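Participant: First the structure, which I've put down as structure tokens, then a few questions once you've had a look.
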Amino acid sequence: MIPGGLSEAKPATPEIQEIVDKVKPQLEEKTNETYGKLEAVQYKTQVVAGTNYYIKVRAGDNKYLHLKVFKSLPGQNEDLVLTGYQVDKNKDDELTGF
């Protein structure tokens, strides 16, 4: 039958790291919250009224983060949008139910 949770988990390339830079800059200017120039190390994708993304970004060559990059649809707001993110989380942290 169908699974019960998020998808798998792959490494983050420059494109995926751009996906974050797509709404993560706004993310930063959204909660007036700054991180410190992070890079993507891994990520995934969700599934809703479009397609949400989840990118795991590092934070100091050792710390990490996790932010969103939702992609609505062309017929309405094709542009991207942040559904929720994360800061100095960890490796054994959770990603769903968030």
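So you can find residues: chains in the structure tokens are A, B, ... in the order shown, residues in each start at 1, and ligands are numbered from 1 in order.
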Can you tell me, as a count of residues only, which residues in chain A count as alpha helix (DSSP H) by DSSP?
Facilitator: 17
Participant: Quick one: residues within 8 Å of region 10-13 of chain A, only C-alpha atoms, excluding same-chain residues fewer than 6 positions away - as a count of residues only?
Facilitator: 7
Participant: Please, what distance in Å, to one decimal, runs between CA of residue 36 (chain A) and CA of residue 64 (chain A)?
Facilitator: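 Going from CA of residue 36 (chain A) over to CA of residue 64 (chain A) covers 10.7 Å.
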Participant: With only C-alpha atoms as the basis for distance, which of A:20, A:6, A:65, A:73 is at the shortest distance from residue 50 (chain A)?
Facilitator: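 Of A:20, A:6, A:65, A:73, the one nearest residue 50 (chain A) is A:73, counting only C-alpha atoms.
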Participant: So how many Å separate CA of residue 37 (chain A) and CA of residue 68 (chain A), to one decimal?
Facilitator: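 CA of residue 37 (chain A) sits 15.7 Å away from CA of residue 68 (chain A).
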Participant: I'd like the contact shell of residue 98 (chain A) - 10 Å cut-off, only C-alpha atoms, skipping same-chain residues fewer than 2 positions apart - returned as a ChimeraX atom specification.
Facilitator: /A:83-86,94-96
Participant: Restricting the output to N, CA, C and O atoms, write the selected residues as an mmCIF file, in the first residue's frame.
Facilitator:
data_model
loop_
_atom_site.group_PDB
_atom_site.id
_atom_site.type_symbol
_atom_site.label_atom_id
_atom_site.label_comp_id
_atom_site.auth_asym_id
_atom_site.auth_seq_id
_atom_site.Cartn_x
_atom_site.Cartn_y
_atom_site.Cartn_z
ATOM 1 N N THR A 83 7.369 26.847 3.286
ATOM 2 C CA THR A 83 6.304 26.294 4.162
ATOM 3 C C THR A 83 6.828 26.110 5.594
ATOM 4 O O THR A 83 6.059 26.002 6.528
ATOM 5 N N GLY A 84 8.126 26.079 5.785
ATOM 6 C CA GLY A 84 8.663 25.908 7.168
ATOM 7 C C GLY A 84 10.138 25.546 7.088
ATOM 8 O O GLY A 84 10.580 24.899 6.162
ATOM 9 N N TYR A 85 10.924 25.960 8.028
ATOM 10 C CA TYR A 85 12.354 25.624 7.929
ATOM 11 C C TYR A 85 12.949 25.168 9.263
ATOM 12 O O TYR A 85 12.249 24.760 10.168
ATOM 13 N N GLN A 86 14.251 25.191 9.356
ATOM 14 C CA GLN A 86 14.932 24.715 10.582
ATOM 15 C C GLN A 86 16.292 25.400 10.730
ATOM 16 O O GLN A 86 16.853 25.890 9.769
ATOM 17 N N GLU A 94 14.093 15.191 13.426
ATOM 18 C CA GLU A 94 12.934 14.721 12.617
ATOM 19 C C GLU A 94 12.653 15.711 11.484
ATOM 20 O O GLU A 94 13.089 16.844 11.518
ATOM 21 N N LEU A 95 11.940 15.292 10.476
ATOM 22 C CA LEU A 95 11.647 16.213 9.342
ATOM 23 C C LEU A 95 10.145 16.269 9.063
ATOM 24 O O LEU A 95 9.623 17.274 8.624
ATOM 25 N N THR A 96 9.448 15.196 9.308
ATOM 26 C CA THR A 96 7.981 15.186 9.050
ATOM 27 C C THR A 96 7.229 15.824 10.221
ATOM 28 O O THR A 96 7.825 16.348 11.143
#
Participant: Measure the distance from CA of residue 17 (chain A) to CA of residue 3 (chain A) in Å and round it to one decimal.
Facilitator: 26.7 Å
Participant: Determine the nearest neighbour of residue 45 (chain A) from the options A:61, A:8, A:18, A:33, counting only C-alpha atoms.
Facilitator: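 For residue 45 (chain A), the nearest of the given residues is A:8.
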Participant: Going by DSSP on the backbone, which residues of chain A come out as strand (DSSP E or B)? List them as a PyMOL selection string.
Facilitator: chain A and resi 10-11+40-45+51+53-58+64+67-68+70-71+80-81
Participant: Write a file of the selected residues as a PDB file, in the first residue's frame, keeping N, CA, C and O atoms.
Facilitator:
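Produced file out31.pdb, reproduced below:
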ATOM      1  N   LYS A  10      18.296  12.291  -0.285  1.00  0.00           N
ATOM      2  CA  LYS A  10      19.503  12.301  -1.159  1.00  0.00           C
ATOM      3  C   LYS A  10      20.391  13.501  -0.823  1.00  0.00           C
ATOM      4  O   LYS A  10      19.981  14.393  -0.109  1.00  0.00           O
ATOM      5  N   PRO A  11      21.579  13.494  -1.368  1.00  0.00           N
ATOM      6  CA  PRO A  11      22.523  14.613  -1.137  1.00  0.00           C
ATOM      7  C   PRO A  11      22.016  15.873  -1.837  1.00  0.00           C
ATOM      8  O   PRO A  11      21.139  15.818  -2.675  1.00  0.00           O
ATOM      9  N   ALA A  40      23.707  23.256   0.984  1.00  0.00           N
ATOM     10  CA  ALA A  40      22.861  22.031   1.059  1.00  0.00           C
ATOM     11  C   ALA A  40      23.705  20.758   1.065  1.00  0.00           C
ATOM     12  O   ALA A  40      24.585  20.570   0.250  1.00  0.00           O
ATOM     13  N   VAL A  41      23.412  19.871   1.975  1.00  0.00           N
ATOM     14  CA  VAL A  41      24.155  18.585   2.044  1.00  0.00           C
ATOM     15  C   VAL A  41      23.207  17.456   1.649  1.00  0.00           C
ATOM     16  O   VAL A  41      23.617  16.418   1.168  1.00  0.00           O
ATOM     17  N   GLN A  42      21.933  17.671   1.838  1.00  0.00           N
ATOM     18  CA  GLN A  42      20.925  16.633   1.473  1.00  0.00           C
ATOM     19  C   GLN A  42      19.551  17.289   1.296  1.00  0.00           C
ATOM     20  O   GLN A  42      19.384  18.466   1.542  1.00  0.00           O
ATOM     21  N   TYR A  43      18.566  16.540   0.882  1.00  0.00           N
ATOM     22  CA  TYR A  43      17.211  17.141   0.707  1.00  0.00           C
ATOM     23  C   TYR A  43      16.195  16.088   0.279  1.00  0.00           C
ATOM     24  O   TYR A  43      16.478  14.908   0.216  1.00  0.00           O
ATOM     25  N   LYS A  44      15.010  16.529  -0.032  1.00  0.00           N
ATOM     26  CA  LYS A  44      13.941  15.584  -0.485  1.00  0.00           C
ATOM     27  C   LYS A  44      12.849  16.360  -1.212  1.00  0.00           C
ATOM     28  O   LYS A  44      13.075  17.413  -1.777  1.00  0.00           O
ATOM     29  N   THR A  45      11.657  15.849  -1.161  1.00  0.00           N
ATOM     30  CA  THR A  45      10.504  16.527  -1.797  1.00  0.00           C
ATOM     31  C   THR A  45       9.233  16.014  -1.135  1.00  0.00           C
ATOM     32  O   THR A  45       9.165  14.876  -0.712  1.00  0.00           O
ATOM     33  N   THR A  51       4.111  20.803  -5.105  1.00  0.00           N
ATOM     34  CA  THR A  51       5.264  19.944  -4.721  1.00  0.00           C
ATOM     35  C   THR A  51       6.191  20.712  -3.778  1.00  0.00           C
ATOM     36  O   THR A  51       6.865  21.637  -4.177  1.00  0.00           O
ATOM     37  N   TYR A  53       9.509  21.170  -1.249  1.00  0.00           N
ATOM     38  CA  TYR A  53      10.857  20.572  -1.163  1.00  0.00           C
ATOM     39  C   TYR A  53      11.403  20.719   0.254  1.00  0.00           C
ATOM     40  O   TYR A  53      10.975  21.566   1.022  1.00  0.00           O
ATOM     41  N   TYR A  54      12.368  19.912   0.576  1.00  0.00           N
ATOM     42  CA  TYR A  54      13.011  19.962   1.921  1.00  0.00           C
ATOM     43  C   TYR A  54      14.525  19.895   1.726  1.00  0.00           C
ATOM     44  O   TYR A  54      15.054  18.884   1.309  1.00  0.00           O
ATOM     45  N   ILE A  55      15.232  20.959   1.984  1.00  0.00           N
ATOM     46  CA  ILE A  55      16.704  20.916   1.756  1.00  0.00           C
ATOM     47  C   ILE A  55      17.485  20.993   3.067  1.00  0.00           C
ATOM     48  O   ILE A  55      17.323  21.908   3.851  1.00  0.00           O
ATOM     49  N   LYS A  56      18.359  20.051   3.289  1.00  0.00           N
ATOM     50  CA  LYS A  56      19.188  20.072   4.524  1.00  0.00           C
ATOM     51  C   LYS A  56      20.444  20.895   4.250  1.00  0.00           C
ATOM     52  O   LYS A  56      21.273  20.519   3.444  1.00  0.00           O
ATOM     53  N   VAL A  57      20.591  22.024   4.880  1.00  0.00           N
ATOM     54  CA  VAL A  57      21.785  22.857   4.605  1.00  0.00           C
ATOM     55  C   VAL A  57      22.750  22.817   5.787  1.00  0.00           C
ATOM     56  O   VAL A  57      22.349  22.770   6.922  1.00  0.00           O
ATOM     57  N   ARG A  58      24.022  22.864   5.528  1.00  0.00           N
ATOM     58  CA  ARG A  58      25.005  22.859   6.640  1.00  0.00           C
ATOM     59  C   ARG A  58      25.055  24.258   7.236  1.00  0.00           C
ATOM     60  O   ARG A  58      24.382  25.157   6.780  1.00  0.00           O
ATOM     61  N   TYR A  64      24.048  22.324  10.851  1.00  0.00           N
ATOM     62  CA  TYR A  64      23.143  22.063   9.715  1.00  0.00           C
ATOM     63  C   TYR A  64      21.829  22.833   9.841  1.00  0.00           C
ATOM     64  O   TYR A  64      21.593  23.562  10.784  1.00  0.00           O
ATOM     65  N   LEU A  67      15.340  23.718   5.349  1.00  0.00           N
ATOM     66  CA  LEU A  67      14.328  24.735   5.036  1.00  0.00           C
ATOM     67  C   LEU A  67      13.446  24.303   3.882  1.00  0.00           C
ATOM     68  O   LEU A  67      13.675  23.304   3.231  1.00  0.00           O
ATOM     69  N   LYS A  68      12.392  25.029   3.683  1.00  0.00           N
ATOM     70  CA  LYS A  68      11.415  24.663   2.640  1.00  0.00           C
ATOM     71  C   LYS A  68      11.574  25.434   1.337  1.00  0.00           C
ATOM     72  O   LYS A  68      12.204  26.469   1.263  1.00  0.00           O
ATOM     73  N   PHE A  70       8.506  25.518  -1.408  1.00  0.00           N
ATOM     74  CA  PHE A  70       7.278  24.984  -2.065  1.00  0.00           C
ATOM     75  C   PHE A  70       7.087  25.570  -3.462  1.00  0.00           C
ATOM     76  O   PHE A  70       7.288  26.746  -3.697  1.00  0.00           O
ATOM     77  N   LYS A  71       6.690  24.738  -4.386  1.00  0.00           N
ATOM     78  CA  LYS A  71       6.467  25.200  -5.782  1.00  0.00           C
ATOM     79  C   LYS A  71       4.990  25.027  -6.150  1.00  0.00           C
ATOM     80  O   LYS A  71       4.557  23.959  -6.533  1.00  0.00           O
ATOM     81  N   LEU A  80       7.886  30.231  -5.988  1.00  0.00           N
ATOM     82  CA  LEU A  80       8.103  29.313  -4.835  1.00  0.00           C
ATOM     83  C   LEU A  80       7.607  29.937  -3.527  1.00  0.00           C
ATOM     84  O   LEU A  80       7.235  31.092  -3.475  1.00  0.00           O
ATOM     85  N   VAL A  81       7.602  29.167  -2.471  1.00  0.00           N
ATOM     86  CA  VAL A  81       7.132  29.692  -1.156  1.00  0.00           C
ATOM     87  C   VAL A  81       7.660  28.813  -0.017  1.00  0.00           C
ATOM     88  O   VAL A  81       7.708  27.605  -0.121  1.00  0.00           O
TER      89      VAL A  81
END
Participant: For each of A:30, A:66, A:14, A:35, take the minimum atom-to-atom distance to residue 93 (chain A), counting only C-alpha atoms, then give the residue where this is smallest.
Facilitator: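 Closest to residue 93 (chain A), using only C-alpha atoms: A:66.
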Participant: Kindly indicate which residue among A:59, A:46, A:29, A:15 lies nearest to residue 89 (chain A), using only C-alpha atoms for the distances.
Facilitator: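 The answer is A:59, which sits nearest to residue 89 (chain A).
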Participant: Of the residues A:48, A:9, A:38, A:2, which is the one nearest to residue 21 (chain A), using only C-alpha atoms?
Facilitator: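 Between A:48, A:9, A:38, A:2, the residue approaching residue 21 (chain A) most closely is A:38.
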Participant: Measuring atom to atom with only C-alpha atoms, identify which of A:76, A:63, A:4, A:69 is nearest to residue 23 (chain A).
Facilitator: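 Answer, going by the shortest atom-to-atom distance: A:69.
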